[PDB]
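Here is work10.pdb, consisting of PDB, C-alpha atoms:
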ATOM      1  CA  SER A 190     107.922 104.068 119.698
ATOM      2  CA  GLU A 191     108.441 100.596 118.111
ATOM      3  CA  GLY A 192     109.890 101.590 114.710
ATOM      4  CA  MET A 193     108.869 103.603 111.704
ATOM      5  CA  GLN A 194     105.910 101.759 110.230
ATOM      6  CA  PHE A 195     104.271 102.460 106.877
ATOM      7  CA  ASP A 196     101.419 100.829 105.013
ATOM      8  CA  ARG A 197     103.261  99.072 102.214
ATOM      9  CA  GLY A 198     104.026  95.336 102.401
ATOM     10  CA  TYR A 199     106.187  92.915 100.417
ATOM     11  CA  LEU A 200     106.089  93.170  96.597
ATOM     12  CA  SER A 201     106.237  89.356  96.477
ATOM     13  CA  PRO A 202     105.500  86.704  99.123
ATOM     14  CA  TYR A 203     108.650  84.994  97.881
ATOM     15  CA  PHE A 204     110.599  87.477 100.000
ATOM     16  CA  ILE A 205     109.123  85.862 103.146
ATOM     17  CA  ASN A 206     111.784  84.304 105.378
ATOM     18  CA  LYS A 207     109.595  83.599 108.444
ATOM     19  CA  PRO A 208     106.866  81.387 107.006
ATOM     20  CA  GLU A 209     105.194  80.751 110.388
ATOM     21  CA  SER A 210     104.390  84.495 110.660
ATOM     22  CA  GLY A 211     104.096  85.285 106.951
ATOM     23  CA  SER A 212     106.827  87.864 107.262
ATOM     24  CA  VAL A 213     110.259  89.075 106.182
ATOM     25  CA  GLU A 214     112.590  89.711 109.105
ATOM     26  CA  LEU A 215     115.966  91.131 108.126
ATOM     27  CA  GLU A 216     118.736  91.885 110.628
ATOM     28  CA  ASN A 217     121.057  94.815 110.076
ATOM     29  CA  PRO A 218     119.964  95.344 106.466
ATOM     30  CA  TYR A 219     121.110  97.836 103.889
ATOM     31  CA  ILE A 220     118.302 100.020 102.661
ATOM     32  CA  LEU A 221     118.158 101.254  99.064
ATOM     33  CA  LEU A 222     115.888 104.274  98.542
ATOM     34  CA  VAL A 223     114.834 105.133  94.998
ATOM     35  CA  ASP A 224     112.290 107.760  93.944
ATOM     36  CA  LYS A 225     111.362 106.067  90.639
ATOM     37  CA  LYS A 226     110.155 102.738  89.299
ATOM     38  CA  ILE A 227     112.843 100.093  88.853
ATOM     39  CA  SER A 228     112.292  97.664  85.924
ATOM     40  CA  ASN A 229     115.752  97.148  84.483
ATOM     41  CA  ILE A 230     117.883  94.686  86.412
ATOM     42  CA  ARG A 231     121.025  96.243  84.936
ATOM     43  CA  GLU A 232     120.478  99.351  87.066
ATOM     44  CA  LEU A 233     120.716  97.262  90.257
ATOM     45  CA  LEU A 234     123.635  95.041  89.331
ATOM     46  CA  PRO A 235     126.364  97.341  90.652
ATOM     47  CA  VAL A 236     124.707  97.797  94.081
ATOM     48  CA  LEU A 237     123.907  94.098  94.269
ATOM     49  CA  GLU A 238     127.630  93.447  93.681
ATOM     50  CA  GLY A 239     128.368  95.468  96.830
ATOM     51  CA  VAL A 240     125.768  93.617  98.855
ATOM     52  CA  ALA A 241     127.300  90.347  97.608
ATOM     53  CA  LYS A 242     130.564  91.215  99.420
ATOM     54  CA  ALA A 243     128.887  90.487 102.826
ATOM     55  CA  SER A 244     126.050  88.613 104.573
ATOM     56  CA  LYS A 245     123.994  91.767 105.086
ATOM     57  CA  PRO A 246     120.460  91.636 103.639
ATOM     58  CA  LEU A 247     119.060  94.339 101.347
ATOM     59  CA  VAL A 248     115.686  96.078 101.493
ATOM     60  CA  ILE A 249     114.718  98.071  98.391
ATOM     61  CA  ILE A 250     112.109 100.813  98.877
ATOM     62  CA  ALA A 251     111.319 102.269  95.449
ATOM     63  CA  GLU A 252     108.275 103.826  93.775
ATOM     64  CA  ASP A 253     107.848 100.316  92.390
ATOM     65  CA  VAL A 254     109.971  97.331  91.430
ATOM     66  CA  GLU A 255     108.644  95.425  88.447
ATOM     67  CA  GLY A 256     109.369  93.270  85.401
ATOM     68  CA  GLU A 257     112.881  91.849  84.950
ATOM     69  CA  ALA A 258     114.178  93.707  88.011
ATOM     70  CA  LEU A 259     111.575  92.223  90.343
ATOM     71  CA  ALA A 260     111.825  88.760  88.722
ATOM     72  CA  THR A 261     115.595  88.598  89.206
ATOM     73  CA  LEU A 262     115.311  89.715  92.802
ATOM     74  CA  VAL A 263     112.645  87.052  93.478
ATOM     75  CA  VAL A 264     114.592  84.277  91.730
ATOM     76  CA  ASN A 265     117.897  85.173  93.456
ATOM     77  CA  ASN A 266     116.189  85.383  96.804
ATOM     78  CA  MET A 267     114.504  82.000  96.356
ATOM     79  CA  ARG A 268     117.834  80.457  95.351
ATOM     80  CA  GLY A 269     119.569  81.930  98.407
ATOM     81  CA  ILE A 270     122.062  83.970  96.306
ATOM     82  CA  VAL A 271     120.975  87.103  98.124
ATOM     83  CA  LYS A 272     118.709  87.958 100.995
ATOM     84  CA  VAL A 273     116.500  90.711  99.664
ATOM     85  CA  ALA A 274     113.055  92.208  99.991
ATOM     86  CA  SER A 275     111.335  94.994  98.023
ATOM     87  CA  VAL A 276     108.401  97.219  99.030
ATOM     88  CA  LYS A 277     106.680 100.227  97.412
ATOM     89  CA  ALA A 278     107.588 103.592  98.861
ATOM     90  CA  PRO A 279     104.650 104.859 100.996
ATOM     91  CA  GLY A 280     102.349 107.647  99.800
ATOM     92  CA  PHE A 281     101.697 109.502  96.604
ATOM     93  CA  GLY A 282     103.326 112.231  94.501
ATOM     94  CA  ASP A 283     105.219 114.956  96.385
ATOM     95  CA  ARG A 284     104.469 113.383  99.773
ATOM     96  CA  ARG A 285     105.919 110.071  98.591
ATOM     97  CA  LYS A 286     109.150 111.934  97.726
ATOM     98  CA  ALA A 287     109.156 113.663 101.123
ATOM     99  CA  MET A 288     108.630 110.357 102.950
ATOM    100  CA  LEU A 289     111.438 108.661 101.040
ATOM    101  CA  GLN A 290     113.604 111.436 102.420
ATOM    102  CA  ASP A 291     112.176 110.858 105.914
ATOM    103  CA  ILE A 292     113.443 107.306 105.592
ATOM    104  CA  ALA A 293     116.833 108.479 104.198
ATOM    105  CA  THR A 294     117.310 110.847 107.130
ATOM    106  CA  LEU A 295     116.263 108.181 109.644
ATOM    107  CA  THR A 296     118.686 105.627 108.202
ATOM    108  CA  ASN A 297     121.675 107.710 107.003
ATOM    109  CA  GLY A 298     120.744 106.791 103.449
ATOM    110  CA  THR A 299     120.700 108.779 100.240
ATOM    111  CA  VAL A 300     117.600 108.863  98.029
ATOM    112  CA  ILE A 301     118.711 107.887  94.541
ATOM    113  CA  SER A 302     116.959 110.606  92.603
ATOM    114  CA  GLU A 303     117.395 111.487  88.932
ATOM    115  CA  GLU A 304     115.754 114.859  89.728
ATOM    116  CA  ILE A 305     119.150 115.830  91.187
ATOM    117  CA  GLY A 306     121.359 113.929  88.738
ATOM    118  CA  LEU A 307     121.894 110.718  90.720
ATOM    119  CA  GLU A 308     121.759 107.421  88.820
ATOM    120  CA  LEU A 309     120.863 104.007  90.236
ATOM    121  CA  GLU A 310     123.714 102.297  88.366
ATOM    122  CA  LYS A 311     126.158 104.614  90.171
ATOM    123  CA  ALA A 312     124.698 103.943  93.647
ATOM    124  CA  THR A 313     127.139 102.477  96.161
ATOM    125  CA  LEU A 314     126.961 100.859  99.574
ATOM    126  CA  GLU A 315     127.712 104.311 101.055
ATOM    127  CA  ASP A 316     124.338 105.484  99.631
ATOM    128  CA  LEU A 317     122.420 102.769 101.484
ATOM    129  CA  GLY A 318     120.626 103.425 104.728
ATOM    130  CA  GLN A 319     120.954 101.050 107.639
ATOM    131  CA  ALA A 320     118.836 100.010 110.617
ATOM    132  CA  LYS A 321     118.914  97.333 113.288
ATOM    133  CA  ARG A 322     115.972  95.463 111.752
ATOM    134  CA  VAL A 323     113.385  95.677 109.019
ATOM    135  CA  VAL A 324     110.181  93.704 109.349
ATOM    136  CA  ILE A 325     107.770  93.405 106.389
ATOM    137  CA  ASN A 326     104.523  91.502 106.090
ATOM    138  CA  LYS A 327     101.724  91.557 103.523
ATOM    139  CA  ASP A 328     100.499  94.989 104.591
ATOM    140  CA  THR A 329     103.276  96.937 106.357
ATOM    141  CA  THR A 330     106.977  97.723 106.596
ATOM    142  CA  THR A 331     108.631  98.573 109.960
ATOM    143  CA  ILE A 332     112.115 100.072 110.191
ATOM    144  CA  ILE A 333     113.606  99.626 113.665
ATOM    145  CA  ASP A 334     116.495 101.686 115.043
ATOM    146  CA  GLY A 335     117.663 103.659 111.978
ATOM    147  CA  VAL A 336     121.295 104.774 112.238
ATOM    148  CA  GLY A 337     120.699 108.377 111.112
ATOM    149  CA  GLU A 338     122.460 111.217 112.909
ATOM    150  CA  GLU A 339     120.260 112.453 115.765
ATOM    151  CA  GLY A 340     120.644 116.143 114.883
ATOM    152  CA  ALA A 341     119.561 115.454 111.296
ATOM    153  CA  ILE A 342     116.507 113.471 112.415
ATOM    154  CA  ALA A 343     115.513 116.159 114.979
ATOM    155  CA  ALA A 344     115.945 118.944 112.393
ATOM    156  CA  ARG A 345     113.741 117.007 109.957
ATOM    157  CA  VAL A 346     111.000 116.586 112.556
ATOM    158  CA  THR A 347     111.170 120.225 113.573
ATOM    159  CA  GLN A 348     110.874 121.262 109.902
ATOM    160  CA  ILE A 349     107.760 119.055 109.449
ATOM    161  CA  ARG A 350     106.305 120.547 112.608
ATOM    162  CA  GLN A 351     106.718 124.049 111.173
ATOM    163  CA  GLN A 352     104.950 122.869 108.017
ATOM    164  CA  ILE A 353     101.967 122.039 110.223
ATOM    165  CA  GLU A 354     101.961 125.663 111.357
ATOM    166  CA  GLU A 355     101.810 126.793 107.723
ATOM    167  CA  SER A 356      98.595 124.854 107.097
ATOM    168  CA  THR A 357      94.925 125.376 107.945
ATOM    169  CA  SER A 358      93.875 121.975 106.588
ATOM    170  CA  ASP A 359      92.846 119.294 109.062
ATOM    171  CA  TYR A 360      93.607 116.626 106.428
ATOM    172  CA  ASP A 361      97.067 118.002 105.571
ATOM    173  CA  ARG A 362      97.987 118.617 109.201
ATOM    174  CA  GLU A 363      97.089 115.021 110.167
ATOM    175  CA  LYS A 364      99.260 113.744 107.308
ATOM    176  CA  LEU A 365     102.213 115.874 108.437
ATOM    177  CA  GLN A 366     101.721 114.717 112.044
ATOM    178  CA  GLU A 367     101.834 111.131 110.774
ATOM    179  CA  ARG A 368     105.243 111.795 109.238
ATOM    180  CA  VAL A 369     106.413 113.170 112.579
ATOM    181  CA  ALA A 370     105.116 110.098 114.464
ATOM    182  CA  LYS A 371     106.797 107.762 111.985
ATOM    183  CA  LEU A 372     110.193 109.448 112.311
ATOM    184  CA  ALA A 373     109.924 109.426 116.091
ATOM    185  CA  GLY A 374     109.053 105.717 116.023
ATOM    186  CA  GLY A 375     112.235 104.896 114.144
ATOM    187  CA  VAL A 376     114.744 106.530 116.501
ATOM    188  CA  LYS A 377     117.439 104.436 118.178
ATOM    189  CA  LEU A 378     117.758 104.526 121.993
ATOM    190  CA  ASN A 379     119.911 102.607 124.575
TER     191      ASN A 379
END
Once more with this new file: its structure as structure tokens, please.
Amino acid sequence: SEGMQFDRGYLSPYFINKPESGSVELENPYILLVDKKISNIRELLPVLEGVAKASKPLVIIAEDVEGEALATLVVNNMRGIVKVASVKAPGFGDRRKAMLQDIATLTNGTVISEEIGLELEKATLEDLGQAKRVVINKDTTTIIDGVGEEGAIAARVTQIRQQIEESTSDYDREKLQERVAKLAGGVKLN
């Protein structure tokens, strides 16, 4: 019940902001969800402009963040220009896409997906998910108290649970149950 946790850690230790625990702890962050690799910093500039309007940190969960995009995020973070962290989206292939949506639903975010005609350079603050806290270390990412609408989160879980009923695979069922447990962990109470 202590957050949605998945087995991807920081993409660079230079995102650490709690050196004594080797971790990134970000309070009331925006959460950018992207179902592709990000390499071109120009794609992120517009969103980063929005984040620059306040003191809210940004967590980027993308298929990967690499090259000039990652380097600029690391340098800006080290300089204190922004408070940012990046992690790889959990999982593989279709399940990775489904789990990015699990996170979007949990956090009231929108997955920036070219599959449906969305473009990273046109992403806005309104597209970003939010949660009370995100904690990242070398191995894991934990999203605590996502702000997603309860009905939407419940409907998502119920849908995953029906998917379990459509399977006769122990492996696949366990993986679906894991998605359920993760969503449940991330809910916001009291």
Could you make a table, as a tab-separated table, of the residues of segment 248-272 of chain A that have an atom within 9 Å of an atom of segment 280-291 of chain A, each with its nearest atom pair and distance in Å to one decimal, counting all atoms listed in the file, in chain and number order?
residue	atom	partner	partner_atom	distance
A:250	CA	A:289	CA	8.2
A:251	CA	A:289	CA	8.5
A:252	CA	A:285	CA	8.2
Create the file for the chosen residues now, containing C-alpha atoms and written as a PDB file, in the frame of the given file.
ATOM      1  CA  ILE A 250     112.109 100.813  98.877  1.00  0.00           C
ATOM      2  CA  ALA A 251     111.319 102.269  95.449  1.00  0.00           C
ATOM      3  CA  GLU A 252     108.275 103.826  93.775  1.00  0.00           C
TER       4      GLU A 252
END
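Selection by the PyMOL selection byres ((chain A and resi 294) around 10) on the present file picks out residues 288, 289, 290, 291, 292, 293, 295, 296, 297, 298, 299, 300, 318, 335, 336, 337, 338, 339, 340, 341, 342, 343, 344, 345 and 372 of chain A.
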Which residues, written as a list in words, have at least one atom at most 8 Å from residue 259 of chain A, with all atoms listed in the file counted and residues fewer than 4 positions away on the same chain left out?
residues 228, 230, 254, 255 and 263 of chain A
Using all atoms listed in the file, which of the listed residues (A:323, A:236, A:193, A:271) sits closest to residue 248 of chain A?
A:323
Find the residue from A:276, A:234, A:333, A:267 that sits nearest to residue 218 of chain A; use all atoms listed in the file when measuring.
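Going through A:276, A:234, A:333, A:267 one by one, the smallest distance to residue 218 of chain A is for A:333.
Residue nearest residue 308 of chain A, chosen from A:215, A:325, A:247, A:222 and counting all atoms listed in the file: A:222.
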